[PDB]
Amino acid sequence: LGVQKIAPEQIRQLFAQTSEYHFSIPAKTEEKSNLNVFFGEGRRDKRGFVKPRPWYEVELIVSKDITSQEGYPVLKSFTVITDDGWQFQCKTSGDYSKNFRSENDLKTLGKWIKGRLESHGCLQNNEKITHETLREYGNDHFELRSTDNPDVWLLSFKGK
């Protein structure tokens, strides 16, 4: 839905700048959370009827060691511009403001992260993201960088 494509030249100009704030967010291989929300309990109502997590539903659970650092966007909404040229809204939420998610749709961040893993042939549908998934991809961290716009961050996840 609310996704925008940014031209490779506007991306070059944007990513050329230096960042006041920057964080290296681990791509965790936890099995019922983070990248692998798909393999956790679904959403169950009071009558016990459950609803499977979508494949692209993800979160980046960010440790306090990082969210407590100077400049981190705690409980803010903000624009994210990816290194491969996509723009969408993300939101930090939950206790310690640990949950890094795309806003209004959890799948958007998932389509970005997983769709990237899929394209490079490191991940196929309904598969767990493991150390070897990330090792084959060539990256196990997300770069969250600031721009001179307080509400726009750069998000990177380059592979091999």
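The numbering used is simple: start at 1 and walk along the sequence shown.
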Do the CA atoms of 105-113 or those of 118-126 have the higher mean B-factor in the entry?
-> 118-126
Once average C-alpha B-factors are taken from the entry for 11-19 and 140-148, the winner is 11-19
Specify which of 134, 62, 50, 35 carries the largest Cα B factor in the deposited PDB entry.
-> 134
Hey, out of 31, 95, 45, 70, whose CA B-factor is highest in the deposited coordinates?
-> 31
